[PDB]
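Visitor: In the authors' numbering, the protein residues as written are 58 to 217, 228 to 460.
My structure is below; once you've seen it, I'll send some questions.
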Ligand SMILES: CC1(C)Cc2cc(Cl)ccc2C(N[C@@H](Cc2ccccc2)c2nc(=O)o[nH]2)=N1
Ligand SMILES: [Zn+2]
Ligand SMILES: [Zn+2]
Ligand SMILES: [Zn+2]
């Protein structure tokens with residue numbers, strides 16, 4: 058399983074993430090597993106569901122061990138719950154290794170498995186601190202690295228209902244997947260893949276906010292989120308700016324809320340009137356940053372319609388957040404993204420699968436120098452619950 062074996066090992070549907078094949082148990086049961094850098098549990102459907110046709114059957118695995126401990130995971134949008142255990146786990150199109158990992162067997166869920174998305178489970182690739190029920194449940198990637206010689210790194214090339232492809236290179240960086248410079252921003256703290264944005268520009272114009280507003284209350288890289296999600300004040304200033312640039316076209320309010328498609332005659336979409344967005348990320352060097360520049364074709368996402376085959380129709384894929392900035396697939400589909408856990412940094416390069424425009428290019432460019440920052444990171448108010456918990460590791 059050299060890096061040629063791992064190229065193209067991702068599939069998905071637009072708007073429902075990317076999954077990789079994994080096997081669980083002995084004899085191996087093959088499942089499609091969502092790649093989720095925004096959570097830290099490995100959890101698989103483990104009972105029948107109307108929208109699943111396979112699921113992990115613990116009773117058919119000779120290597121399964123029950124940990125006799127439940128877990129309940131709520132989301133704003135639904136939930137999953139299940140029974141913790143361990144089993145043997147392998148990635149057939151990844152490194153040639155097998156490991157004993159924690160697995161949550163999902164026994165009940167609500168609004169988690171969607172009609173026809175094709176994944177049966179989720180691979181949380183973030184760190185132990187945010188694992189449920191607590192940080193004592195070792196995430197999959199920590200077990201992989203500890204049990205094998207796989208380097209403590211992985212990279213994602215997400216390529217963008229329409230079918231999508233990409234690659235997850237486990238343990239390395241595949242130079243066939245990008246062009247140009249790889250630029251690294253630091254992992255601010257190991258929980259989410261948290262990073263710090265220092266400046267935002269919409270068509271070359273600076274939003275000019277206090278840069279802490281960009282990271283309120285965090286900014287994270289999240290392959291499990293579709294949109295670019297922006298804190299309220301940032302989202303408002305962004306919408307004001309894009310609306311200004313595209314003011315030839317008066318769209319309804321529901322479009323800007325992502326609740327409604329806007330259309331043009333097939334092949335005639337005026338791409339030029341929608342501006343590029345540049346996010347400047349903290350550099351590895353003090354006072355330096357680099358920018359990642361997003362095309363309009365990344366944040367206005369085509370949705371094919373029944374009554375409008377005559378037309379190219381689009382949904383606005385930037386949305387307001389109350390939980391900080393989220394660089395989801397909208398951002399990641401431009402780029403080859405390196406999750407360099409060994410060196411506590413995330414790299415960005417232009418992807419070999421480009422999502423292209425007539426006259427502009429998704430880009431990664433630096434350096435840009437200032438006088439930083441003067442600290443653009445936000446310090447989340449410490450709860451008594453947080454404060455009192457002992458971490459004896
Ligand atoms: C990682 C995962 C599966 C967690 C989740 C749990 C639940 Cl219960 C509902 C939706 C999501 C979700 N929603 C994604 C969309 C999605 C749905 C399914 C697979 C991948 C991504 C999202 N993007 C966004 O801008 O807001 N929510 N992503
Ligand atoms: Zn296969
Ligand atoms: Zn103690
Ligand atoms: Zn702890």
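From the three backbone atoms N, C-alpha and C, an ideal C-beta is built for every residue, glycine too.
Ordered along the chain, which non-local residues of its own chain (more than five positions away) have a Cβ less than 7 Å from that of residue 340?
Guide: Contacts found: 312, 313, 315 and 316.
Visitor: Should residue 151 be labelled buried (16 or more other beta-carbon atoms within 10 Å of its own) or exposed?
Guide: Residue 151 should be labelled buried.
Visitor: Kindly list the residues whose CB is nearer than 8 Å to the CB of residue 92, restricted to its own chain and excluding five residues on each side of it in sequence; keep chain order.
Guide: 67, 74, 75, 76, 77, 180, 182, 213, 235, 290 and 291.
Visitor: Quick test of the definition: if touching needs 3 or more C-beta pairs under 8 Å, does the segment 233 to 249 touch the segment 417 to 432?
Guide: Yes, the segment 233 to 249 is in contact with the segment 417 to 432.
Visitor: Would you say residue 199 touches ligand 4, meaning its beta carbon is less than 7 Å from a heavy atom?
Guide: For ligand 4, not one heavy atom lies less than 7 Å from the Cβ of residue 199.
Visitor: Would you check if the distance between the CB atom of residue 427 and the CB atom of residue 209 is smaller than 8 Å?
Guide: No, the Cβ-Cβ distance between residue 427 and residue 209 is not below 8 Å.
Visitor: Which partner residues of residue 145 appear in the DSSP bridge assignment?
Guide: DSSP output for residue 145 lists 157 as bridge partner(s).
Visitor: In three-state terms, what does DSSP make of residue 124?
Guide: In the structure shown, residue 124 sits in a strand (DSSP, three-state: E or B).
Visitor: Roughly how many angstroms separate the alpha carbons of residue 255 and residue 283, rounded to a whole number?
Guide: Taking the straight line from one Cα to the other gives about 14 Å.
Visitor: Among residues of its own chain, excluding the 5 on either side of residue 372, which ones have a beta-carbon nearer than 6 Å to its beta-carbon?
Guide: 380, listed in sequence order.
Visitor: Taking the beta strand (DSSP E) that residue 79 falls in, what are its first and last residues?
Guide: 75 to 81 is the extent of the beta strand (DSSP E) around residue 79.
Visitor: Would you please state the rounded distance, in angstroms, between the beta carbons of residue 187 and residue 259? I believe it to be under 8 Å.
Guide: With 8 Å as the limit, residue 187 and residue 259 qualify as a contact, their Cβ atoms being about 7 Å apart.
Visitor: Could you tell me the distance, in whole angstroms, from the CA atom of residue 87 to the CA atom of residue 160?
Guide: Approximately 14 Å, taken between the alpha carbons.
Visitor: Given the structure, does residue 149 come close to ligand 2, in the sense that its CB is under 7 Å from one of the ligand's heavy atoms?
Guide: Yes, ligand 2 has a heavy atom inside 7 Å of this Cβ.
Visitor: Could you tell me the alpha carbon to alpha carbon distance between residue 204 and residue 413, rounded to whole angstroms?
Guide: Roughly 23 Å separates the two Cα atoms.
Visitor: For residue 454, report the span of its alpha helix (DSSP H) as first-last.
Guide: Its alpha helix (DSSP H) spans residues 451 to 455.
Visitor: Report the three-state DSSP secondary structure of residue 63 (helix, strand or coil).
Guide: Of the three classes helix, strand and coil, the one that applies to residue 63 here is helix, per DSSP.
Visitor: Do residue 459 and ligand 3 come close, with the Cβ less than 7 Å from some heavy atom?
Guide: Indeed, a heavy atom of ligand 3 lies less than 7 Å from the Cβ.
Visitor: In its own chain, which residues sit with a C-beta less than 6 Å from the C-beta of residue 218, not counting the 5 before and 5 after it?
Guide: Shown without residue 218, the model has the chain running from 217 straight on to 228.
Visitor: Under 7 Å from any heavy atom of ligand 6, does the C-beta of residue 424 make it?
Guide: Among the ligands in the structure shown, ligand 6 does not appear; only ligand 1, ligand 2, ligand 3 and ligand 4 can be found there.
Visitor: Within a Cβ cutoff of 6 Å, which residues of the same chain sit near residue 175, ignoring the five residues on either side of it in sequence?
Guide: For residue 175, where only same-chain residues beyond five positions count, the Cβ hits under 6 Å are 89.
Visitor: Could you tell me whether the segment 425 to 445 touches the segment 342 to 355, using the rule of 3 or more Cβ pairs below 8 Å?
Guide: Yes: at least three Cβ pairs fall under 8 Å.
Visitor: Does ligand 4 have even one heavy atom less than 7 Å from the beta-carbon of residue 192?
Guide: Yes.
Visitor: If you run the structure through DSSP and keep just helix, strand and coil, what is residue 342?
Guide: Residue 342: coil per DSSP, three-state reduction.
Visitor: Of the residues 141, 385 and 149, which one's Cα is nearest the Cα of residue 321?
Guide: Looking at the Cα atoms, 385 is the closest of the given residues.
Visitor: Do residue 257 and residue 461 come within 8 Å of each other at the CB atom, strictly closer than that value?
Guide: The requested residue 461 does not occur in the structure, where the chain is confined to residues 58 to 460.
Visitor: Out of 375, 308 and 300, point me to the one whose CA is closest to residue 328's CA.
Guide: When each option's Cα is compared against that of residue 328, the closest is 375.
Visitor: Around the C-beta of residue 229, are 16 or more other C-beta atoms found within 10 angstroms, so that it is buried, or is it exposed?
Guide: Exposed: under 16 other Cβ atoms inside 10 Å.
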